[PDB]
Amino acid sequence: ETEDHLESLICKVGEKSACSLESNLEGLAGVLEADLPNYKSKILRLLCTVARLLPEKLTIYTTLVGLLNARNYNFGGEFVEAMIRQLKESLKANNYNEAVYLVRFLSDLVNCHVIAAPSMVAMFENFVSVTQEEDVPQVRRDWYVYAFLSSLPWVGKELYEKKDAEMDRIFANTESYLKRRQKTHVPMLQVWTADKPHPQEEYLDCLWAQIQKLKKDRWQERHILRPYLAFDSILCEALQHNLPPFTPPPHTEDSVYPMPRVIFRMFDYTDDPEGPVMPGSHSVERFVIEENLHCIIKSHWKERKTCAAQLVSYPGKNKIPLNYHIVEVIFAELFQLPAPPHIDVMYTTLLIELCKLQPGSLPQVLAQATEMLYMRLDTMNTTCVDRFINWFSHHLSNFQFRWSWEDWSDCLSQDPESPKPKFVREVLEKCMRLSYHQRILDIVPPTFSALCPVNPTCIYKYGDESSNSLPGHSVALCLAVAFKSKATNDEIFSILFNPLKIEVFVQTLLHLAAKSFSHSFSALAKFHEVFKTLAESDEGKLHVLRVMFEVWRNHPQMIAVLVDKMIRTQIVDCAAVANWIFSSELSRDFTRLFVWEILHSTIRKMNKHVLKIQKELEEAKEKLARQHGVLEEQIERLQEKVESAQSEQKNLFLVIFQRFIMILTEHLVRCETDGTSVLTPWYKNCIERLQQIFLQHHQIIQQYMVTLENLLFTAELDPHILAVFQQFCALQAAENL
């Protein structure tokens, strides 16, 4: 009972309240002394919970631990031993994002006089010592350097004045390592490839520049909240604890490190001239601010309303254009490559909640950011343009589809395939998918009708206007009657690789079920047997897709759901879809968005399929080994169907890369002959959609290295195509030798 009174009392310290933060900590520390005789065991694991799970409130809880230690030396030692215990647990379990929070906590405890600075310097020079380890991934060296550098904003001033002869040895080792790192992969992870207005810097190079500037600034940083400074008198007499010598858990093959990152930057101080001056990109204040806001989201992402309140109530020890930091952090996550920390739709609803809570400030910062993203689309990463499209359309659908389109009227004068007009076209198609065609024609200015989507109506080949001279017109009219007569399958068989039998069957079935998705899925299920018969040939599957497209080419949403349903019901397979995406009938729609949504949706189905059957094998293996014959015989049959699913996976990627290499090279010869530049807008999208394949599924494609290098991406290919493959090799190389 009083435990619950202790927990909620520890978690809520430092929130909004009448009393000052220092008065609350001094008071709380006093009641934790009283209850400590009885509840020492529980108070200990609660403080270990918040040090692990609440890094945003870091300095609040280190001060609290600092007060208890000054008054109770044996409690301070038990706590530090628990931290060392947990830091080893985390590194063993490959939870490195959680381990940095513990290192950072240990480091800040030095300011609280709980840990002696020499012990902390010893641990850090064992961190940087990982740079000397040989036959280990760069991502391992990167993380241990990051844990050191990212703790210095809090503990930097103290460690340097106390020991600067051994700190400079550490800095010298750090700078040596940073200069010899390979940055060949950064382009795949940048949201914009342009260096202006804001370069997208590799995260360690950014952090390094930030720490060195803090060093030249005499380790004076004006953002971190340091409550322990008011308790100097109490904390000067405290007895320090010495950390044991730290040994980094060795690198095994099961080790998983955080992959590299690029710092998202779209704001400087000129974007909010009236207001608190914005910390620069190379200031550690910018680093701490964003790190904390990212952590607030990580803690409260599941509750949108709470998450927004915690972002708005974020305390600093100096004022900052907070609305600009929030928007930038939220877009930094939505555009993070390869994938955002959380599901994408969360960021749309989090921004609405923020608008509700700051209706006079945030909505116009958000709108200012939307204009900026639009104006920088030229070099925006295609994976990020897609997320920008999906967010903006979903955002607008929650705000009456109201937008100042006139501000973007200058895209009407450009090539329709340029980034801005293509962005607007995709946005309006997404808005239609959330509303309906006529609504979108009414809300856009009359000058934007060229970017509006075609009306989504099916095209029936054997309709009234059709000529009786068309092949199979007669049979098409027989099917049209039999379907409405509720005819069974065999009757349809008698009414009918033959392309025309597929053509008349599909044309008629889709036409008669066009009212909704429910009717189309019902039709496929009722006559499923028919599909499997005349579409068993691989070229038959291809022709089902070809015909289905001819009917619904004006309704991209219907095409995606039908392709999805036919895969799940085994009418077509993933290889048929892959070959369909690159067929000539889709060449005009190739650059459009819905095509790549379909392809990626098909890949995700394959990938999810392999994982399911791998877990079966990775369960039966557990039963045999954990329990301990007949089980080994069942394992032999699982492994056989793990291999068969893994080879269809590999074939799906090899088809995609083949067709990609083919359409790209033949475009490169067509440009060489005609004697013209290679960079077509079409070319930009194509080459970037190739890079998207490597980037989205880099963990699976890693298995195909030798095949890809030796059979597909070879010296003979144009240097423009190899450039993409070598970026992908640089990426996987950073995390694997």
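Throughout, we count residues from 1 along the sequence that is shown.
In terms of unmodelled positions of the deposited sequence, the stretch from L496 to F497 in this entry skips 10 or more residues. Missing coordinates between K216 and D217 amount to none of the deposited residues, so the segment is unbroken. Per-stretch averaging of Cα B factors for 497 to 505 and 276 to 284 places 497 to 505 on top. Between 26 to 34 and 683 to 691, the higher mean Cα B-factor belongs to 26 to 34. Between the residues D386, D589, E98, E529, it is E529 that shows the highest Cα B-factor in the PDB record. Take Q696, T673, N69, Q702 and read off each C-alpha B-factor from the entry; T673 has the highest.
Per-chain ranking of the deposited C-alpha B factor places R402 in the middle third.
Sort the chain's modelled residues by C-alpha temperature factor and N94 lands in the middle third, per the entry. The entry lists a Cα temperature factor for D232 that places it in the highest third of the chain's modelled residues. Placement of the Cα temperature factor of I343 within the chain: lowest third of the modelled residues, per the deposited record. Sort the modelled residues of the chain by CA B factor and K42 lands in the highest third.
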